[PDB]
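# An overview of the molecular structure
So you can see what is in the structure, the chains are spelled out below.
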Amino acid sequence: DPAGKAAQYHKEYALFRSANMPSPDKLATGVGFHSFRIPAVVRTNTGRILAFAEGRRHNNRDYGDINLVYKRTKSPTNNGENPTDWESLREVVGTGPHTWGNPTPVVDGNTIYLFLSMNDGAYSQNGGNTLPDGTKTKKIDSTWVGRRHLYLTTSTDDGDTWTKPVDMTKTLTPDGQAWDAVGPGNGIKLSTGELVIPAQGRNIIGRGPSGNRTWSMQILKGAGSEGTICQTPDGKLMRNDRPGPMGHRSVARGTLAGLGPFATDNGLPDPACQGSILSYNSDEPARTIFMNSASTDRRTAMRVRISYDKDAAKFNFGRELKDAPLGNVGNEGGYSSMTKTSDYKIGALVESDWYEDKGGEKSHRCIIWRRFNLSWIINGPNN
Ligand SMILES: O=C(O)[C@@]1(O)C[C@H](O)[C@@H](O)[C@H]([C@H](O)[C@H](O)CO)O1
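Residues numbered from 1 in each chain as written, not as in the entry; some residues may be left out. Heavy atoms only, no water. Residues with missing side-chain atoms left out of burial classes, pairs and counts.

Method information in the entry identifies X-ray crystallography as the source of the structure, with 0.9900 Å recorded as the resolution.

This is the structure we're talking about:
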């Protein structure tokens, strides 16, 4: 890989700063957030970078009052290089005491589509969880009020503003389903122009002229809840999903006509956590980038890898992110999202956990923004 001859570049700093950190991220209304989790990042066709997250208002839990927040780079050309290159925190949607989350964006010409999940504020995945008013949640169920919804919002002004989210659950989530997830992380635009958004048990396929899409479900057998999608260099689709049990990623391949079986990929250990994947380039040699925690049991083993295979069958060892660690962000590791930047870097959002209450709800979570070039990956000491 000729990119391995270039000087290695990496830079890293916190982008979503939890309430306990200096200069914590707050909305202009003064609403702050205990934790930020569940990153998503895209480069728009202007070069601007849009970074999304869940702003978890009172604690780090997945339920309760959670708003879908974002930042953009201040210009289309600054590539997110420095902290001051990013705008202040904004909100896509925060209505009610509800959970709004699972940001799953895809760029489509001059429109950015953002899928997201939602649940009523009185419900959680497991039920019985304590809320700030002293009540306990109900368990997410198959009722309209109690089941996870799927929403879509759009921007046609480079992320500056977002349309009121539209509930797509009735057409883009299977009937009878209770829990659900879209992404989180990103969707893609295929070489043939369709949009593909990964979701629990299914892909969501957008067809139509750029910026005027209509969506349908591609139901999958054996897919995970938190999936990634990526058109590999051979032109095929690949789902690379978070497994149910800890162990390894679960991967399937196919086309818009259907995917083959999901199988455990023993080359990609995973602790049952979200991962991210990115088609980096089409020219020679074509590359797919993958990021996750490369450990069957912990989220603190973040690793970024390259595959040169046309089907992304094999990834290299790659680079452990801890080689370029940050010391004032807690313990890095968790969900991630990657984009290419205009200046030939990979930009990655990565969760980090201050862990002050260990795994309890009071531990503050923040999100790191990393940029690095291919050479940094290729030249890793164990690669
Ligand atoms: O960090 C996790 O592990 C998390 O809890 C965070 C997400 O907000 C949540 O929606 C998702 C879900 O619980 C699993 O995918 C099982 O359905 O996972």
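After that view, the rundown keeps rolling.
## Topic: the sheet that holds strand β14 (residues 202-207)
Using the following cut-off: Strands qualify as paired when DSSP identifies two bridges or more between them. In this description a helix means any DSSP run of H or I spanning at least four residues, a strand means any run of E spanning at least two, and both kinds are numbered starting from the N terminus.
Taken in spatial order, the four strands line up as β12-β13-β14-β15 in an open sheet, and their pairing is antiparallel. Single-partner strands in this sheet number two, and they are β12 (188-189) and β15 (214-219). By the bridge criterion, five bridges tie strand β13 (residues 195-199) to β14 in an arrangement that is antiparallel. Each bridged residue has a counterpart across the sheet, and for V196 the counterpart in β14 is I205.

## A word on the pairing of β15
Bridge analysis of β14 against β15 gives six bridges, and the strand direction is antiparallel. Across the sheet, the residue bridging to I205 is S216, located in β15. The turn joining β14 and β15, which pair antiparallel and follow one another in sequence, is formed by six residues; a positive phi near 125° is taken by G208.

## Things to note about the side chain of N67
Stated formally: Exposed residues in this analysis have more than 50% of their type's maximum accessible area, buried residues have under 20%, and partly exposed residues fall in between, with area computed by a 1.4 Å probe over protein chains only. For this analysis, a polar contact is any N or O atom pair within 3.5 Å, provided that within protein one partner can donate a hydrogen and the other can accept it, and provided that sequence-adjacent residues contribute only side-chain to side-chain pairs. Contacts are assigned to residue pairs with any non-hydrogen atoms lying within 4.5 Å of each other.
Residue placement: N67 occurs in strand β4 (residues 66-72). On the accessibility criterion, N67 (3% relative accessible area) is buried. Within polar-contact distance, the side chain of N67 engages the side chain of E91 at 3.2 Å. The contacts of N67, once residues within four sequence positions are left out, are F33, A53, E54, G55, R57, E91, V93, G94 and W100.

## Side note on the site of the ligand
What counts here: Any residue with a non-hydrogen atom lying within 4 Å of a molecule or strand is treated as near it. Only the protein chains shown count as cover for residues, with accessible areas throughout obtained via the Shrake-Rupley method and a probe of 1.4 Å. Throughout this entry, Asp, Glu, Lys and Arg are counted as charged residues, while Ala, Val, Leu, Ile, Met, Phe, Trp, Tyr, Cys and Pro are counted as nonpolar. The remaining residues, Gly among them, count as polar.
Around the ligand, the neighbouring residues are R37, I38, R56, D62, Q125, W179, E226, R242, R299 and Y335. In the environment of the ligand, an oxygen atom lies 3.5 Å from a nitrogen or oxygen atom belonging to the side chain of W179. Between an oxygen atom of the ligand and a side-chain N or O atom of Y335, the distance comes to 2.9 Å. Burial of the ligand by the surrounding chains reaches 80%, relative to a free accessible area of 410 Å². The residue makeup of the shell around the ligand, split by class, is three nonpolar, one polar and six charged.

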